[PDB]
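Colleague: For reference, the structure I am asking about is given below.
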Amino acid sequence: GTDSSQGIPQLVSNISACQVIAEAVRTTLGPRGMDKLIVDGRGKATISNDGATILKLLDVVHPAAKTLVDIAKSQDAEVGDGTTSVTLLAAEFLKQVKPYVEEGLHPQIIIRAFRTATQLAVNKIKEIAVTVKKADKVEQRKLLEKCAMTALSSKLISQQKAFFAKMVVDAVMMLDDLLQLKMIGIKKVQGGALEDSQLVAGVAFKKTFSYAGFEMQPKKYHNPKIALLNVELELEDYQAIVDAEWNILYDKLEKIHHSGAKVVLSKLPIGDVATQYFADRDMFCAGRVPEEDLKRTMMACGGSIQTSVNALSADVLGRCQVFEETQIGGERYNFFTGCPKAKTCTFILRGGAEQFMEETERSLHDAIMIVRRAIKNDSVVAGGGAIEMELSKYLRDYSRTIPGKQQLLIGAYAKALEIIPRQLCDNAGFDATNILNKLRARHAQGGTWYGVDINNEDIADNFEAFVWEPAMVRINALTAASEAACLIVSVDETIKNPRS
Amino acid sequence: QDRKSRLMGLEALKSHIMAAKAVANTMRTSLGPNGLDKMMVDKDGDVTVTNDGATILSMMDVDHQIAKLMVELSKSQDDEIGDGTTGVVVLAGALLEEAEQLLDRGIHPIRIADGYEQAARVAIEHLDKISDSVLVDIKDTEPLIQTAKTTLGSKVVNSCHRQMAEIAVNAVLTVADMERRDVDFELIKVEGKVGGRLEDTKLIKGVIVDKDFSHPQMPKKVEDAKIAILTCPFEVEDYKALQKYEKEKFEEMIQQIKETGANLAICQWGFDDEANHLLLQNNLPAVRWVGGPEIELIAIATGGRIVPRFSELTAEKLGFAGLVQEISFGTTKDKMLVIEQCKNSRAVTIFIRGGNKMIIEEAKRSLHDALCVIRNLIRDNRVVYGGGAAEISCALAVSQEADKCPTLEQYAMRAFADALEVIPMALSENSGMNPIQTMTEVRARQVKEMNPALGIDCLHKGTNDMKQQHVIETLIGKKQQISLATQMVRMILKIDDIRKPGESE
Amino acid sequence: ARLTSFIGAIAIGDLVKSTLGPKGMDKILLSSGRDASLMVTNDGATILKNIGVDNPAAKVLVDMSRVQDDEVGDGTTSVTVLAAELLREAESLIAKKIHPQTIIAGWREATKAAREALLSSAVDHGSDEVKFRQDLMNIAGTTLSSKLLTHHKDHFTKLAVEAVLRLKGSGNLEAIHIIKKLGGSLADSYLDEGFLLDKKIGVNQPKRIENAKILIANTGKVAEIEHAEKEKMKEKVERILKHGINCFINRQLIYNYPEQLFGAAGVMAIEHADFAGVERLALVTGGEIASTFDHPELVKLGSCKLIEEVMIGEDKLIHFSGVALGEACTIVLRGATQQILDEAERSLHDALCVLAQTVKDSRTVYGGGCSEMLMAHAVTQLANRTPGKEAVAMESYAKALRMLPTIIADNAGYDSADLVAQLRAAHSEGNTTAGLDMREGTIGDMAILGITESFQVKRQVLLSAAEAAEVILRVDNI
Ligand SMILES: Nc1ncnc2c1ncn2[C@@H]1O[C@H](COP(=O)(O)OP(=O)(O)O)[C@@H](O)[C@H]1O
Ligand SMILES: Nc1ncnc2c1ncn2[C@@H]1O[C@H](COP(=O)(O)OP(=O)(O)O)[C@@H](O)[C@H]1O
Ligand SMILES: Nc1ncnc2c1ncn2[C@@H]1O[C@H](COP(=O)(O)OP(=O)(O)O)[C@@H](O)[C@H]1O
């Protein structure tokens, strides 16, 4: 290595390692940041924008890198919004405190200063956060959607964004049971336009050769339940094997009426070449289904599971509201909507251009995340690196008051808090220093809610720009970043035990 | 001995642009009707020569991830339409190679990408403006002949090009649906037979199976409509007992088939030739040892369905036949199986008997892209005069728009104009004439004259106006090509780093 | 990847270059020392069939040469060397930054002029008009150059002239068979009408038969099943006993036990004869080819008139005289070495082919490079007339055409820079009737020498060479 020993050299090495790990996610901050390509070995290159996804698939081997990655992952798991912010902020803390380490500032002093600065910042945030929840968000939701379309302002979808926002929040309000991203899934269909994109309260899966066998199913059927079969469906002792095969083929039809299942599911291949053979069965079938569809059906409709060839149960045709099978873009898609627990909403990604999957999955997902997070909490603060500037100014003003070692460290903490708006305006591509200088001036003298505008590349009052972020999530992110920095600083040795 | 594996953002962009200009500028020479074709050789045992850019990029193997990305989505575009892949690739390469200098100027890639999108929108509206499309191309059997000259003018197939043009117009007529305007996989107009000549690819709307005969003495010409398909398998005196059991099983094909009505019920697996002669005396032909996936092909001659099982066989779902004809399918080889007696095939496929392989691929790809342009013509009868004239008009338009534009969008659209100008230079260079002189002259002529069809005459004909030369391209194809190229340059500019697990520092 | 492919094609052409003309150098067919003692052949066509080729462009050129070989006549060496010259000129022109498309266009419009010039000077022979034989003599001799069977060449030419009235209907070539043994001289050629397979019963079988209907066999406590199969086989041979046939192809192996029964039944067991003789019997006599014999009973049999087995010249010289058609003219020589077999086979095949297209297309032009110089003069005249950069293209085409007989001159050991130049300068005045003769090593009027080449094969050579050169030139990468 390079000076991994007691005290200062190992702390320097750990700080450098944290800088390296943060550099891998440095440029993905912001709603329109850069994007990364990761190849997973065999040749399935992965392309993604969100920082947490990038961190989850890294190959960290360094102990400091690992003990920052675990903090990032824990932050992501606890709250899904804001992961690349905590890692970047913690790395900035470490890099700003590093030039004070080799001068002999004992790291315990840095720990104490960081903890008191974080406590001060969390206290200060509470005097600035403003409650907006009651101000016409559940009823008279115009404010909700007015905050919602910000993820799609000043883009090609500017005219139609109101429709999608209002309709997705309509879906959200009727499903207000702590919605999740996995169980609210969208599906892409080839062809069509963007204006007519619609949301089915269920699933939307195309029927392929091995997916569904029989067509023209009884859509207007008011009790369709899934039957999970686990045996094949499609078709000296040289004649004994023929007899056994024919007997098995005949027995495969014992579930037509004895079991009594309208829709049957299997994990084995289904042959559409024998559609007329399945037309004799005259019922819908499912095969090679994805796990997402399976889970959505189970927690929505409640299909039964069968193991034996003649597995008979009372849940084969239980109570589910409606069955839907409508062609989408010239292709028939399976919709298992109409369920007693239909807490599902699959969105039809209609569109002629096929390459818009990244655009829609980066836009609508962020929009619904913002809507859900605004709904959950009551009080918010101005975003776009606005609260960070206020915290930096307050901490810089407070640091000059205290005498002693902690003054320089709190000043360095305040300086390190500036990296979020700097990185935002850097990823936006505009001159960062000018934006930062204007922001610092107008923010120290004029007001306390000015951040960075990504559209016109100028300072703006993000409060009236309706860029809301919950106070609690920001407080938690700041606390996690500071604690990760403290944990890195407090470590000065590693023990290997390589082989014996 | 001090190699480093760090890839910073700007050098990463430089590397990606180098890779793109490597995958581009390689198939650039293939652009145009007289472009230099690429001889593709398999890494193990195959060699081929072709000029289609989509084909050469699909066969070619690329190491860099950027190249893999671009080629796989070009495959996707080829699946979508199948035309303009060369234009897309060369245009994206042009954009990247001339935006490298914008990057060197210090512009952030996001600014370049957004400016390129704005320029693409300007180009789209401008090309939609100057469309002189004809809307009568529905009952246009005679104009359809000159529609496909450009896509077949690269070879000497012009001797019998009118015959295949009539074949194509008949094919589009027999599937002409005003509701959906689409062709499916089962309706594929593809079958390659070795041996023959140009005119041997003639109009036959039937089912083609190159299997063997029931019996050398069996009369090949049959007209009875009781055709059928079955999957009849071959599945110490015990050997004699087994033979007798198999004969008794096949007795249902001899005796217990009259009440069912399956005379021409061909088989698939091993069989005893004695019972074949017995059925020959009984006048029930049955072809033995037929292929696997031919069950649907022979059961679609009248638009019916597939019935390969024993009990599923019904009179209403018997074998199907196309149309009675008595011509020797094999001049030197034995005759091909006649399955054409009864009714027109909804999954219509036209016989092809070309004498050269490369002739086979060129003919089938010409038929495919001719169908593609027609399926666009019926869904949207909008066409524009290409040949670089449209590109020149778009470049001038976007250069005009750069006069009233904000800063980095101004530089981006100025870059976009020069990038669009690449298509005329590529066409002229492939034509052998001066790559830059001719494009500049035609640009000056097109700014002097309001005519937007003044392109580059790569066939060395009289004038630069392709209205007389019938060089025509649809609005949808060009729109998709330019939009996809812009999407490519945007998304490749977005990428700033590539990380691979398994580092080897 | 243009330079490497061009050099590969040039090397392929140069490898066969020295074998052009009836003075070509010999080559050694070497390989790993396991079976590479010594094989030598003057003809370059067989050299290409045994070349280890790596460059795919060279693979295309070799495949084109094979197409020329199995197409009418023998011109493969000429086609290959002409293509090599054309690509060498193309490389030279690319060196002076001339785009390949312009070169290809110029080459096309020069090839058309050369072809029409070749059409212009075509002269119709009298063997199909007034029944001359000396023209047939010359056309047989020129294609049989660099060979030694000039003693019984009269028999060859007799089969040549007798083909037009009997042995062909529209140019049939499958009715003639060639077979020979080891040990003999140049005085061994004779007319036969069948293969050389002898009876296997013994000496009591009569030499003459009544009538032959020839077809192909089908086959050759498990003891009970074997005995049942034996009983079925005896039933089959009893059924063929009443067939009344006297000749029968036995494709599959038959041991003695049914062999004696075949002999006693009058059915000769021809033990797996070569399918060439079976095909000859099929088209001349009328013996069809099938898979099984049980189904044919009385209508699906063969058709023949008379077949006899005799021994002549200490060898099994069976003469299948008296078949239905008198077109099965078979030449039976007696060679000395292994190379005699293939050499005579290919020589007679090519000569018979070129005779077939002469009797199909009777127009012809003088050989010996005078026609080459004529086409070169025509394309040079064309080049001086039209402007544009294709002038270099047609003049390079002319240069290749001029260099084509220069190789012939060099392979004879004569000079090449004077008599070729002399021929070129004369050809403006000493026109197509002039030519080049290797017998004396000078320029003489080629018509009196009489050595002429059939027009069809020459036009095929020109077209194939131009097409292959254009195809290889059109490739630029990979
Ligand atoms: N429209 C916007 N204007 C200004 N800032 C924004 C906007 N959208 C997002 N941001 C900023 O992006 C930051 C979060 O982005 P990022 O960390 O990339 O996503 P996540 O928080 O899901 O990891 C927030 O601090 C917020 O200030
Ligand atoms: N006769 C012609 N005159 C001028 N330009 C032509 C002519 N034929 C084809 N082109 C040009 O060649 C380009 C490639 O056409 P095409 O082969 O249809 O696409 P691709 O090369 O992608 O398959 C087109 O942009 C068209 O402008
Ligand atoms: N005796 C001869 N006199 C003049 N020219 C001859 C003679 N023999 C052969 N040639 C010339 O040689 C050329 C063919 O030579 P070669 O390639 O060895 O034979 P092939 O074409 O059968 O392979 C012909 O163009 C012919 O003009």
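If you're wondering about the labels, chains in the structure tokens are A, B, ... by order shown, residues count from 1 in each chain, ligands from 1 in order shown.
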Segment 258-266 of chain C: which residues within 12 Å, counting only C-alpha atoms, same-chain residues fewer than 4 positions away excluded, as a PyMOL selection string?
Modeller: chain C and resi 199-213+217+219-220+230-231+233-250+253-254+270-271
Colleague: Can you list, as number ranges by chain, every protein, DNA or RNA residue that comes within 10 Å of segment 3-7 of chain A when you count only C-alpha atoms, leaving out same-chain residues fewer than 6 positions away?
Modeller: A: 13-14, 101-102, 104, 106-107, 490-494
Colleague: Go ahead and save the residues from that selection, with N, CA, C and O atoms, as a JSON list (two decimals), in the first residue's frame.
Modeller:
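Final output, saved to part-v8.json:
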[["chain", "number", "residue", "atom", "x", "y", "z"],
["A", 13, "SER", "N", -5.36, 7.98, 3.95],
["A", 13, "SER", "CA", -5.70, 6.96, 2.96],
["A", 13, "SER", "C", -7.20, 6.72, 2.91],
["A", 13, "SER", "O", -7.78, 6.57, 1.83],
["A", 14, "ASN", "N", -7.85, 6.67, 4.08],
["A", 14, "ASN", "CA", -9.29, 6.45, 4.11],
["A", 14, "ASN", "C", -10.04, 7.62, 3.48],
["A", 14, "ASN", "O", -11.02, 7.42, 2.76],
["A", 101, "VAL", "N", -5.83, 17.62, 9.16],
["A", 101, "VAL", "CA", -5.48, 16.42, 9.89],
["A", 101, "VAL", "C", -3.97, 16.32, 10.08],
["A", 101, "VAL", "O", -3.48, 16.07, 11.19],
["A", 102, "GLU", "N", -3.20, 16.52, 9.01],
["A", 102, "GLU", "CA", -1.76, 16.39, 9.11],
["A", 102, "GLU", "C", -1.12, 17.46, 9.98],
["A", 102, "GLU", "O", 0.06, 17.34, 10.32],
["A", 104, "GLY", "N", -1.98, 17.96, 13.00],
["A", 104, "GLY", "CA", -2.06, 17.46, 14.35],
["A", 104, "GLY", "C", -3.39, 17.63, 15.04],
["A", 104, "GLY", "O", -3.49, 17.31, 16.23],
["A", 106, "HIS", "N", -6.27, 16.45, 16.52],
["A", 106, "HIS", "CA", -6.60, 15.10, 16.92],
["A", 106, "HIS", "C", -8.01, 14.75, 16.45],
["A", 106, "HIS", "O", -8.94, 15.54, 16.68],
["A", 107, "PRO", "N", -8.21, 13.60, 15.82],
["A", 107, "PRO", "CA", -9.51, 13.31, 15.20],
["A", 107, "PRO", "C", -10.68, 13.29, 16.17],
["A", 107, "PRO", "O", -11.82, 13.48, 15.73],
["A", 490, "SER", "N", -13.01, 8.37, 13.00],
["A", 490, "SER", "CA", -12.65, 7.74, 14.26],
["A", 490, "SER", "C", -11.82, 6.47, 14.10],
["A", 490, "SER", "O", -11.34, 5.94, 15.11],
["A", 491, "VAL", "N", -11.63, 5.98, 12.88],
["A", 491, "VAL", "CA", -10.90, 4.74, 12.63],
["A", 491, "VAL", "C", -9.47, 5.09, 12.22],
["A", 491, "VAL", "O", -9.26, 5.96, 11.37],
["A", 492, "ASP", "N", -8.50, 4.40, 12.83],
["A", 492, "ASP", "CA", -7.10, 4.65, 12.50],
["A", 492, "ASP", "C", -6.29, 3.38, 12.28],
["A", 492, "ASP", "O", -5.07, 3.47, 12.12],
["A", 493, "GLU", "N", -6.92, 2.20, 12.27],
["A", 493, "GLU", "CA", -6.18, 0.97, 12.05],
["A", 493, "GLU", "C", -7.06, -0.06, 11.37],
["A", 493, "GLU", "O", -8.29, -0.07, 11.54],
["A", 494, "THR", "N", -6.43, -0.94, 10.59],
["A", 494, "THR", "CA", -7.06, -2.12, 10.03],
["A", 494, "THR", "C", -6.22, -3.35, 10.36],
["A", 494, "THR", "O", -4.99, -3.28, 10.38]]
Colleague: Please identify all residues of chain B having at least one atom at most 6 Å from any atom of chain C, considering only C-alpha atoms, and return them as a JSON list (two decimals) with C-alpha atoms, in the first residue's frame.
Modeller:
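Writing the result to iface.json gives the following:
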[["chain", "number", "residue", "atom", "x", "y", "z"],
["B", 36, "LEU", "CA", -18.58, 0.26, -52.09],
["B", 37, "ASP", "CA", -20.04, -2.96, -50.74],
["B", 38, "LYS", "CA", -18.50, -4.79, -47.79],
["B", 39, "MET", "CA", -17.28, -8.38, -48.11],
["B", 236, "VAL", "CA", -37.69, -63.94, -31.81],
["B", 432, "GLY", "CA", -16.36, 9.08, -57.21]]
Colleague: Taking the chain letters and numbering used in this document, name the residues of segment 47-161 of chain A that DSSP puts in strand (DSSP E), as a PDB file with N, CA and C atoms, in the first residue's frame.
Modeller:
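Final file, selection_17.pdb:
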ATOM      1  N   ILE A  47     -27.285   0.481 -17.797  1.00  0.00           N
ATOM      2  CA  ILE A  47     -27.352   1.926 -17.958  1.00  0.00           C
ATOM      3  C   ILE A  47     -28.388   2.458 -16.975  1.00  0.00           C
ATOM      4  N   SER A  48     -27.992   3.439 -16.165  1.00  0.00           N
ATOM      5  CA  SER A  48     -28.886   3.955 -15.138  1.00  0.00           C
ATOM      6  C   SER A  48     -28.419   5.333 -14.696  1.00  0.00           C
ATOM      7  N   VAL A 130     -41.536  24.860   6.842  1.00  0.00           N
ATOM      8  CA  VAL A 130     -42.874  25.434   6.776  1.00  0.00           C
ATOM      9  C   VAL A 130     -43.869  24.343   6.410  1.00  0.00           C
ATOM     10  N   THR A 131     -44.973  24.283   7.154  1.00  0.00           N
ATOM     11  CA  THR A 131     -46.029  23.307   6.916  1.00  0.00           C
ATOM     12  C   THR A 131     -46.937  23.786   5.790  1.00  0.00           C
TER      13      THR A 131
END
Colleague: Could you go through segment 263-350 of chain A and tell me which residues DSSP, when run on the backbone, assigns to alpha helix (DSSP H), listing them as a ChimeraX atom specification?
Modeller: /A:275-281,291-300
Colleague: Could you tell me which residues of chain B sit within 6 Å of chain A when counting only C-alpha atoms, and give me the result as an MDAnalysis selection string?
Modeller: chainID B and resid 108 494:495 497:501
Colleague: Please identify every polymer residue within 9 Å of ligand 1, using only C-alpha atoms and all ligand atoms, and present the set as a ChimeraX atom specification.
Modeller: /A:27-33,49-52,76,80-86,150-153,366,369,382-388,420-421,424,451-455,462,465-469,474
Colleague: How many Å separate atom CA of residue 291 of chain A from atom CA of residue 347 of chain A?
Modeller: 17.7 Å
Colleague: Excluding residue 478 of chain B and its own-chain neighbours fewer than 3 positions away, which residues fall within 9 Å of it when counting only C-alpha atoms? Please give them as a PyMOL selection string.
Modeller: chain B and resi 84+127+384+386+473-475+481-483
Colleague: Based on the selection just made, write N, CA, C and O atoms of those residues as a CSV table (one decimal), in the first residue's frame.
Modeller:
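In the end it all went to selection_5.csv:
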chain,number,residue,atom,x,y,z
B,84,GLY,N,-32.8,3.2,-44.2
B,84,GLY,CA,-32.1,4.3,-43.6
B,84,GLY,C,-31.1,4.0,-42.5
B,84,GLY,O,-30.6,5.0,-41.9
B,127,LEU,N,-38.6,19.9,-42.8
B,127,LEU,CA,-38.9,18.9,-43.8
B,127,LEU,C,-40.3,18.6,-44.0
B,127,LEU,O,-40.8,18.2,-45.1
B,384,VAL,N,-40.8,12.5,-49.9
B,384,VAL,CA,-39.9,13.6,-50.1
B,384,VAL,C,-38.8,13.2,-51.0
B,384,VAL,O,-38.4,12.1,-51.1
B,386,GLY,N,-35.1,12.9,-51.7
B,386,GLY,CA,-33.9,12.8,-51.0
B,386,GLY,C,-32.7,13.1,-51.8
B,386,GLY,O,-32.5,14.2,-52.3
B,473,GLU,N,-38.2,9.3,-51.3
B,473,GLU,CA,-38.2,8.7,-49.9
B,473,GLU,C,-39.4,9.3,-49.1
B,473,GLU,O,-39.7,10.4,-49.3
B,474,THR,N,-39.9,8.4,-48.3
B,474,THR,CA,-41.1,8.8,-47.5
B,474,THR,C,-40.8,9.8,-46.4
B,474,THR,O,-39.6,9.9,-45.9
B,475,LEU,N,-41.8,10.5,-46.0
B,475,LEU,CA,-41.6,11.4,-44.8
B,475,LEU,C,-41.3,10.6,-43.5
B,475,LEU,O,-40.5,11.0,-42.8
B,481,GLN,N,-35.4,8.5,-39.2
B,481,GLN,CA,-33.9,8.4,-39.3
B,481,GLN,C,-33.3,9.6,-38.6
B,481,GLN,O,-32.4,9.4,-37.7
B,482,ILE,N,-33.8,10.8,-38.9
B,482,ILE,CA,-33.2,12.0,-38.2
B,482,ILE,C,-33.4,12.0,-36.7
B,482,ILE,O,-32.5,12.4,-35.9
B,483,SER,N,-34.7,11.7,-36.3
B,483,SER,CA,-35.0,11.7,-34.9
B,483,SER,C,-34.1,10.7,-34.2
B,483,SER,O,-33.6,11.0,-33.1
Colleague: All residues within 9 Å of ligand 2 are required, counting only C-alpha atoms and all ligand atoms; please report them as number ranges by chain.
Modeller: B: 30-35, 51-54, 82-89, 149-154, 369, 385-390, 423-424, 427, 455-459, 464, 466, 469-473, 478
Colleague: Step by step, measure atom-to-atom distances between ligand 3 and each residue using only C-alpha atoms and all ligand atoms, keep those at most 7 Å, then write them as a list in words.
Modeller: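 Using only C-alpha atoms and all ligand atoms, everything at most 7 Å from ligand 3 comes to residues 19, 20, 21, 22, 24, 43, 44, 45, 74, 75, 76, 77, 78, 142, 143, 145, 367, 368, 369, 408, 436, 437, 438, 451 and 453 of chain C.
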Colleague: Keeping only N, CA and C atoms, write those residues as a PDB file, in the first residue's frame.
Modeller:
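To be explicit, this is the file written out as again-v2.pdb:
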ATOM      1  N   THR C  19       2.128 -21.192 -66.393  1.00  0.00           N
ATOM      2  CA  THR C  19       1.594 -22.353 -67.092  1.00  0.00           C
ATOM      3  C   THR C  19       0.798 -21.991 -68.338  1.00  0.00           C
ATOM      4  N   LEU C  20       0.718 -20.711 -68.687  1.00  0.00           N
ATOM      5  CA  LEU C  20      -0.056 -20.306 -69.852  1.00  0.00           C
ATOM      6  C   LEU C  20       0.658 -20.706 -71.138  1.00  0.00           C
ATOM      7  N   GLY C  21      -0.125 -21.075 -72.148  1.00  0.00           N
ATOM      8  CA  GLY C  21       0.412 -21.453 -73.433  1.00  0.00           C
ATOM      9  C   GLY C  21       0.815 -22.912 -73.478  1.00  0.00           C
ATOM     10  N   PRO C  22       1.065 -23.436 -74.681  1.00  0.00           N
ATOM     11  CA  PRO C  22       1.512 -24.828 -74.789  1.00  0.00           C
ATOM     12  C   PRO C  22       3.012 -24.959 -74.599  1.00  0.00           C
ATOM     13  N   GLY C  24       4.000 -24.224 -70.978  1.00  0.00           N
ATOM     14  CA  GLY C  24       4.007 -23.768 -69.604  1.00  0.00           C
ATOM     15  C   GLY C  24       4.937 -24.576 -68.723  1.00  0.00           C
ATOM     16  N   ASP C  43      -0.780 -28.474 -66.625  1.00  0.00           N
ATOM     17  CA  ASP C  43      -2.010 -27.698 -66.675  1.00  0.00           C
ATOM     18  C   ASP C  43      -2.228 -26.949 -65.368  1.00  0.00           C
ATOM     19  N   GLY C  44      -2.543 -25.656 -65.475  1.00  0.00           N
ATOM     20  CA  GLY C  44      -2.772 -24.849 -64.291  1.00  0.00           C
ATOM     21  C   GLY C  44      -4.152 -24.985 -63.686  1.00  0.00           C
ATOM     22  N   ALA C  45      -5.118 -25.512 -64.441  1.00  0.00           N
ATOM     23  CA  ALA C  45      -6.470 -25.655 -63.912  1.00  0.00           C
ATOM     24  C   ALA C  45      -6.491 -26.601 -62.720  1.00  0.00           C
ATOM     25  N   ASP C  74     -11.864 -25.281 -71.495  1.00  0.00           N
ATOM     26  CA  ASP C  74     -10.776 -24.984 -70.570  1.00  0.00           C
ATOM     27  C   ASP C  74     -10.192 -23.628 -70.942  1.00  0.00           C
ATOM     28  N   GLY C  75     -10.400 -22.640 -70.079  1.00  0.00           N
ATOM     29  CA  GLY C  75      -9.788 -21.339 -70.239  1.00  0.00           C
ATOM     30  C   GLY C  75      -9.407 -20.761 -68.894  1.00  0.00           C
ATOM     31  N   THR C  76      -9.433 -21.615 -67.868  1.00  0.00           N
ATOM     32  CA  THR C  76      -9.311 -21.148 -66.491  1.00  0.00           C
ATOM     33  C   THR C  76      -7.995 -20.424 -66.256  1.00  0.00           C
ATOM     34  N   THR C  77      -6.900 -20.953 -66.802  1.00  0.00           N
ATOM     35  CA  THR C  77      -5.613 -20.287 -66.656  1.00  0.00           C
ATOM     36  C   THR C  77      -5.653 -18.893 -67.267  1.00  0.00           C
ATOM     37  N   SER C  78      -6.218 -18.782 -68.471  1.00  0.00           N
ATOM     38  CA  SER C  78      -6.322 -17.484 -69.126  1.00  0.00           C
ATOM     39  C   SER C  78      -7.197 -16.532 -68.325  1.00  0.00           C
ATOM     40  N   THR C 142      -5.848 -27.552 -81.025  1.00  0.00           N
ATOM     41  CA  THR C 142      -5.494 -26.405 -80.193  1.00  0.00           C
ATOM     42  C   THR C 142      -5.852 -26.641 -78.729  1.00  0.00           C
ATOM     43  N   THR C 143      -7.016 -27.235 -78.463  1.00  0.00           N
ATOM     44  CA  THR C 143      -7.414 -27.502 -77.087  1.00  0.00           C
ATOM     45  C   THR C 143      -6.685 -28.697 -76.493  1.00  0.00           C
ATOM     46  N   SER C 145      -3.432 -29.084 -76.742  1.00  0.00           N
ATOM     47  CA  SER C 145      -2.032 -28.701 -76.707  1.00  0.00           C
ATOM     48  C   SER C 145      -1.398 -29.106 -75.381  1.00  0.00           C
ATOM     49  N   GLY C 367      -7.053 -17.958 -82.801  1.00  0.00           N
ATOM     50  CA  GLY C 367      -6.393 -17.910 -81.513  1.00  0.00           C
ATOM     51  C   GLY C 367      -4.991 -17.357 -81.612  1.00  0.00           C
ATOM     52  N   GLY C 368      -4.146 -17.758 -80.667  1.00  0.00           N
ATOM     53  CA  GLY C 368      -2.767 -17.319 -80.686  1.00  0.00           C
ATOM     54  C   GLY C 368      -2.559 -15.868 -80.323  1.00  0.00           C
ATOM     55  N   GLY C 369      -3.507 -15.260 -79.618  1.00  0.00           N
ATOM     56  CA  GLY C 369      -3.356 -13.902 -79.150  1.00  0.00           C
ATOM     57  C   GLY C 369      -3.719 -12.820 -80.140  1.00  0.00           C
ATOM     58  N   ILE C 408       2.199 -15.850 -72.766  1.00  0.00           N
ATOM     59  CA  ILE C 408       2.352 -16.986 -73.669  1.00  0.00           C
ATOM     60  C   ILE C 408       3.720 -16.950 -74.331  1.00  0.00           C
ATOM     61  N   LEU C 436       0.163 -15.094 -83.646  1.00  0.00           N
ATOM     62  CA  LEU C 436       1.442 -15.437 -83.041  1.00  0.00           C
ATOM     63  C   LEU C 436       1.599 -16.950 -83.045  1.00  0.00           C
ATOM     64  N   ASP C 437       2.774 -17.423 -83.451  1.00  0.00           N
ATOM     65  CA  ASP C 437       3.056 -18.847 -83.581  1.00  0.00           C
ATOM     66  C   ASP C 437       4.255 -19.201 -82.715  1.00  0.00           C
ATOM     67  N   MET C 438       4.096 -20.209 -81.859  1.00  0.00           N
ATOM     68  CA  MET C 438       5.208 -20.698 -81.057  1.00  0.00           C
ATOM     69  C   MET C 438       6.030 -21.764 -81.765  1.00  0.00           C
ATOM     70  N   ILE C 451      -4.668 -22.518 -86.605  1.00  0.00           N
ATOM     71  CA  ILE C 451      -4.982 -22.773 -85.203  1.00  0.00           C
ATOM     72  C   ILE C 451      -5.974 -21.702 -84.758  1.00  0.00           C
ATOM     73  N   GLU C 453      -9.570 -20.811 -82.107  1.00  0.00           N
ATOM     74  CA  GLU C 453     -10.283 -21.143 -80.883  1.00  0.00           C
ATOM     75  C   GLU C 453     -11.758 -20.804 -81.046  1.00  0.00           C
TER      76      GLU C 453
END
Colleague: Calculate how many Å separate atom CA of residue 163 of chain C from atom CA of residue 331 of chain B, rounding to one decimal.
Modeller: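 According to the coordinates, atom CA of residue 163 of chain C and atom CA of residue 331 of chain B are separated by 24.8 Å.
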Colleague: Tell me, as a ChimeraX atom specification, which residues lie within 12 Å of residue 99 of chain A, counting only C-alpha atoms; anything in the same chain fewer than 3 positions away does not count.
Modeller: /A:8,11-12,15-16,93-96,102-105,408-409,412
Colleague: Quick one: residues within 7 Å of residue 203 of chain A, only C-alpha atoms counted, chain neighbours fewer than 6 positions away excluded, as a PyMOL selection string?
Modeller: chain A and resi 293+335-337+346
Colleague: Leaving out segment 371-381 of chain A and any residue of its chain fewer than 5 positions from it, which residues lie within 10 Å of it when counting only C-alpha atoms, given as JSON, numbers by chain?
Modeller: {"A": [79, 80, 81, 125, 126, 128, 129, 130, 131, 132, 133, 134, 135, 137, 138, 144, 145, 147, 148, 149, 165, 168, 169, 172, 173, 176, 178, 179, 180, 365, 366, 386, 387, 449, 462, 463, 466, 467, 468, 469, 470, 471, 472, 473, 474]}
